[PDB]
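The data below hold one chain only, encoded as structure tokens and taken in the form deposited in one PDB entry.
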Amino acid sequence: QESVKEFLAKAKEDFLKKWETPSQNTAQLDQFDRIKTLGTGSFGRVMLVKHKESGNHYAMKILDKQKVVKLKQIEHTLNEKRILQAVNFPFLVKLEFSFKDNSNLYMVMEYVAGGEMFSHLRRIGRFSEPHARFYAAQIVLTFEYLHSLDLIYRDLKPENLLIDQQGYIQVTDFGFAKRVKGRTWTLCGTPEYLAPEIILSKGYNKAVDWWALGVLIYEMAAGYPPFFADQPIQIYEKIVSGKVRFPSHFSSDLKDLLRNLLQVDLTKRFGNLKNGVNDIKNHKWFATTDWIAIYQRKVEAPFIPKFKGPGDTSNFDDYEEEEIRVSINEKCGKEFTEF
């Protein structure tokens, strides 16, 4: 069953072509009517918009060029767009258009109306193992794909995982995604999901994404993360210790998988070994998982959000709106030339 090797090989050729000669200026602001904010993160906002000529809705990520510079995220933003436009996988949100003006950078993605896994997770409390397993399999295949292209995601979390109309995951936010061979050192990500090697400024690799998968699986199944506190600094102390505790309801299989993902020793962490991703795929916790079926989206979703219209946002919280300004003077022109 190594058509996956051939699959990845062709997938790589496809990626490299686009990574080599990226798409640019495929749209403009006036082609959309801005409706409402869907969510916000460290910087910029994501708005639900309607494309005039087609009538389709999209999620427009808006980035203030001046804020990007202030926060020293230039390179990261260029990575985000360059990578987004080049990738293609069933569980990666699609970048439909991208462009820029005097003040901002815009990345228009396909609108995923189901909302964040985060909201559903907090609301319901926690997911059953089969439910969590369903989502986990999708991330596993996603990281196998990304990693095969020398990409590190670095921002795994329920907040960046959207549920589509069929109940499948759509990964968003490549703000910290990077294409790297070897190690890297940036201190980035979300505190609760940081692998110990990131916190210890030792330098790290793809293995950090596998640690984050452990954190994700734990949080979905438990309802709360494996390492939490009121301040990030206290969180790092707990992560570094490595001492983890599992809820009484955790199956023996789940705990064994988690002990292998939330593994401080890189020579022992699953996903980072000789057999690589297959150590995870072949794990007992994933025994009932039909990997091909998952990739083909032929498995029945355990949860299908309520669909009330093409531009319905009932699955997202409401946010304080603010005018999208555009200066008559070009800002940071040289810095974002390739965007």
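The first residue of the shown sequence is 1; numbering continues from there. If you superpose the two forms and keep the largest set of C-alpha atoms that fall within 1.5 Å, you have the rigid core.
Student: If you look at the other compared entries where the surrounding residues are built, does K308 lack coordinates in a third or more?
Tutor: In at least a third of the other entries, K308 has no coordinates.
Student: Give yes or no for this: do at least a third of the other compared entries, each modelling residues before and after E322, lack coordinates for it?
Tutor: Looking at the other entries that model residues on either side of it, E322 is present in every one.
Student: For the C-alpha atoms alone, is the average B factor greater in 304-312 or in 50-58, going by the entry?
Tutor: Per the PDB record, 304-312.
Student: Between 236-244 and 121-129, which has the higher average C-alpha B-factor in the PDB entry?
Tutor: If you average the C-alpha B-factors of 236-244 and of 121-129, the larger mean comes out for 236-244.
Student: Determine which member of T190, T172, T142, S201 has the highest CA B-factor, using the values in the deposited entry.
Tutor: The C-alpha B-factor peaks, among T190, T172, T142, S201, at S201.
Student: By its CA B factor, does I280 count among the lowest, middle or highest third of the modelled residues in the chain?
Tutor: Answer is lowest: the recorded C-alpha B-factor places it there.
Student: Where does the C-alpha B-factor of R183 rank in its chain, lowest, middle or highest third?
Tutor: It belongs to the highest third of the chain when residues are ordered by C-alpha B-factor.
Student: Within this chain, which third does the Cα B-factor at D155 fall in: lowest, middle or highest?
Tutor: Within its chain, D155 is a lowest-third residue by C-alpha B-factor, going by the deposited values.
Student: Sorting the chain's CA B-factors, does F32 end up in the lowest, middle or highest third?
Tutor: For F32, whose C-alpha B-factor we compare with every modelled residue in the chain, the answer is the lowest third.
Student: Classify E96 as lowest, middle or highest third according to the C-alpha B-factor given in the PDB entry, relative to its own chain.
Tutor: Tercile = middle for this residue's CA B-factor.
Only in words, not in the display: the form deposited in another entry, which the text now covers.
Student: With the two forms fitted on the rigid core, I'd like to know which residue in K255, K157, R126, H131 is displaced by 2 angstroms or more at its CA between the shown form and the other one.
Tutor: That would be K157.
Student: Align on the rigid core first; then say whether the Cα of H283 has moved by at least 2 Å between the shown form and the other one.
Tutor: Superposed on the core, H283 moves its C-alpha less than 2 Å between the shown form and the other one.
Student: Using a rigid core alignment, state whether the CA of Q66 is displaced by 2 Å or more between the shown form and the other one.
Tutor: Moves: yes, 2 Å or greater.
Student: So, superposing on the core, is the move of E80 at the CA at least 2 angstroms between the shown form and the other one?
Tutor: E80 C-alpha, core-superposed: shift of 2 Å or more.
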